[PDB]
């Protein structure tokens, strides 16, 4: 049984440990670092998935359209502040209009 | 030293040890540090010759920061390589616009 | 296919693209100058892409190739092969 | 106390002269002071974080260098 | 009299439509002709697959849309609403490009 | 006949003088205790060394002067001789901020 | 022609179930989530490694990772992530 | 104590290139930062392309291609020629 189950995760932690070990990071890798990484995955993916569902219910779609991804990104301040230049995969953009154009 | 026998001036052994201990690859080819050092002296010599030319332009025998700044700004390849690089005592180029004249 | 296809991004296409920026009027010389800007950006990306393709001992260029080409631009957000 | 006002109005006038402006608006001085406060707070939150991590009560030059490295500033010279 | 809408009237419902709809807005075949004609110079007779083409157009579209939004912001900053060459060059220069 | 120069030319000579001389434009101790104040709220009982603060002031001065240059370029873009708040916000926002 | 691959579809599945048992899941979002996961992983790991090299310590522990996270992430996200990491590493050490 | 620095090395670089004008310690620091940053950038991106090239052992060809892909045309080509010549000499 993988040690993630007793820690509240699902990972085979040795997989991530090997990824770090072959990643040319350091000669000694802390055993708790991959576990903390797995927890980071769990919770960050939880909040991002709930953002995806947020934007999905914004259109009453049980599946996703990448417009949901764009809505989740741009409606969250930290995501937009972090990085926004590289392409959005079919998600489009949020065209912001001004109050001096339209009559 | 084996740096000199390579036609190189930067320390080949020291750079090789940096490559081996720089968390780059388990087996570092011994010619890779030589190549890296060669790139480094090529860039350094370009910088030094441009700085010397700028110093000769300003009728000064010393490489002041303004000379090196003007040397980098006068080279298009250097500007592409170093565009956001800011150097002290170099100020900015004498850029003026005829609109405000 | 190989001759004068830079007009693929057409003037109505550029006008529609500028519609997404929130502009009411697009001047006549906007189209060709933004065409040149697009040409410059595309050339800059594809130079890195083809150099990586040559490095990888590959004849075909993949999407992940241009992903790495744009990687050193410095943002690297979501997308295919991220 | 009130040390942000220590940067004087003529100082900001000279600073805007460095920016090549002939006439500078009155609110521009305090706007420049405000963006300076934002600049310093953005740098110094990271500097204090690194200081607290570094197990050192003193903010060293390497501390400031590491604080500036992440935000894309990447300064040269001091602690290069 | 014909129902001639004043310039800027249809734009409201039009931006209501295309802000929600998320399809493409550029002809595909001219674009693949363009990417070919720029590829042969770098590398002739490239055996293009079905992929590695839509990603390029999506990326360039996102970049140019961001640039156009920045240009619109600059135009509004210029005490006007329309686009011009100077707005585009200022937006590009302030973007570090 | 009092000797009062017309406005604008003395500004140009000040610009030239500040171009030739590359000294710090803000006194050291003001920056010192400003940094002390701004670090009081984050963590208490922090002592600042002699170094690590001139680096802060020089970085701030250099980047703020670059921002002023971009702002002046956008002001020439706006066809005026005065710096404005919208100029500064356009300079800041279009730089990825 | 493949035996076993490391993908996170089970992770997103069970996390969404433990969060909201009413939403579907696709593979495009799976790939995007994997991309963001990888990028944040290299960001955190590289920041912690360079920070440890800055502190002349050749051993990487949970403290370096937590400090790197607290300095890269936004303040509220940084603090919550550091608290979660501290509790996770403490419970992992207790379980051993 | 003895440390690893390019003080004498960059000094003899100057003495091999320009034996007429001395160098100040500010320019020494700037050149040291430049050489170091170039070293780490080439090393890391060569390593990551090698990882993409499913090779865990780096040779001179990998560094050659990495420099030819990062540096501009003339600089990259000159570096390629000189480095390939030096590696063929040594090995």
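Sequence positions for chain E are given in Swiss-Prot numbering; the residues included correspond to 38-134, in order.
The way this entry was determined, per its header, is electron microscopy, 4.7 Å.
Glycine too: its Cβ is placed from the backbone N, Cα and C atoms.
Scan Swiss-Prot for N6-acetyllysine across E:65, E:122, E:126 and the hit is E:65.
Cross-referencing E:80, E:116 with Swiss-Prot, the residue annotated as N6-succinyllysine turns out to be E:80. Scan Swiss-Prot for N6-acetyllysine across E:57, E:123 and the hit is E:57.
Between the CA atoms of residue E:38 (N6-methyllysine) and residue E:80 (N6,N6,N6-trimethyllysine) there is a gap of 59 Å, rounded to the nearest whole number. The modified residues considered are E:38, E:57, E:65, E:80; of these, E:38 has the fewest other C-beta atoms within 10 angstroms of its C-beta.
A Cα-Cα distance of 39 Å separates residue E:80 (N6,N6,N6-trimethyllysine) from residue E:57 (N6-malonyllysine). Under the three-state DSSP scheme, residue E:57 (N6-malonyllysine) falls in the helix class.
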